[PDB]
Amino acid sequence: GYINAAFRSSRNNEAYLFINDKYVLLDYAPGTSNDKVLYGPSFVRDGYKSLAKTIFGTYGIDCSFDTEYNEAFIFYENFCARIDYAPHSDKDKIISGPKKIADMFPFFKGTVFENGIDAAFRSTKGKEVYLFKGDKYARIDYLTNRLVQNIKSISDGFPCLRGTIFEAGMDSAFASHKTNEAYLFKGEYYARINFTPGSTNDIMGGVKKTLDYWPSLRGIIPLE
């Protein structure tokens, strides 16, 4: 019962975190010690009416990423959908789907990504997204629907992760509102990384405990 998916909100310093078939809306306070749970924990089916009678409403969300405006891709196993998550309102809706991953992203056919994605986060560069499955990552443009480069080992693109628990996989991720930062999650741990698109960079550099960084999540995770 840890964080299985996440996406950055269009609202400043807010992110949606999905755990089992539930979620929380968090003010994650990147520059301040005043993190706070703004909504939830709530069942996906209760919080998102448009998702109530779907596989997402039944089983929850296991990967997602912000795109632009108020729209996000959400996943469950081999299925995905594009949604308007309509922050702080009643107005959520499915724009596209649900569709099999292979039908939404045909370049994934014949790869390990066609059966499910572990984690994803929105790049600062153009319409780019990083997606993770096992020890591999992919880099796509969601607007033109194109694989930007060959699928590579996580360690090829993020050398800073060699020798950490993230080397063989990530459970969940979201991009920060602070430029070129992102959070990676696995079990009780997170890392805050700094990245530069297209450059084999580094930093960092600190695998810590999620509950130390967000005390407002005490008693919410782990969810037994």
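Don't overthink the numbering: it's just position in the shown sequence, from 1. We call the rigid core whatever largest set of C-alpha positions still superposes within 1.5 Å between the two forms.
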> Comparing 30 to 38 with 60 to 68, which has C-alphas lying farther from the shown form in 4 other deposited structures of this protein once the core is aligned?
Replying inline: 30 to 38
>> Rigid core superposition, C-alpha RMS per stretch in 4 other deposited structures of this protein: which comes out larger, 199 to 207 or 14 to 22?
In response: 199 to 207
> Taking only the CA atoms, which stretch has the higher mean B-factor in the record, 73 to 81 or 139 to 147?
Replying inline: 139 to 147
> Do the CA atoms of 121 to 129 or those of 102 to 110 have the higher mean B-factor in the entry?
Replying inline: 102 to 110
> When the CA B-factors of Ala168, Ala175, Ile61, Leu26 are compared as recorded in the entry, which is the largest?
Replying inline: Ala168
>> Using the temperature factors of the C-alpha atoms in this entry, rank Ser50 within its chain: lowest, middle or highest third.
In response: middle
> Within this chain, which third does the Cα B-factor at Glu188 fall in: lowest, middle or highest?
Replying inline: highest
>> Ranking every modelled residue in this chain by its Cα temperature factor as given in the entry, which third contains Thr200?
In response: highest
> C-alpha B factor of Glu181, ranked within the chain: lowest, middle or highest third?
Replying inline: middle
>> Please place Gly40 in the lowest, middle or highest third of its chain according to the CA B-factor in the PDB entry.
In response: middle
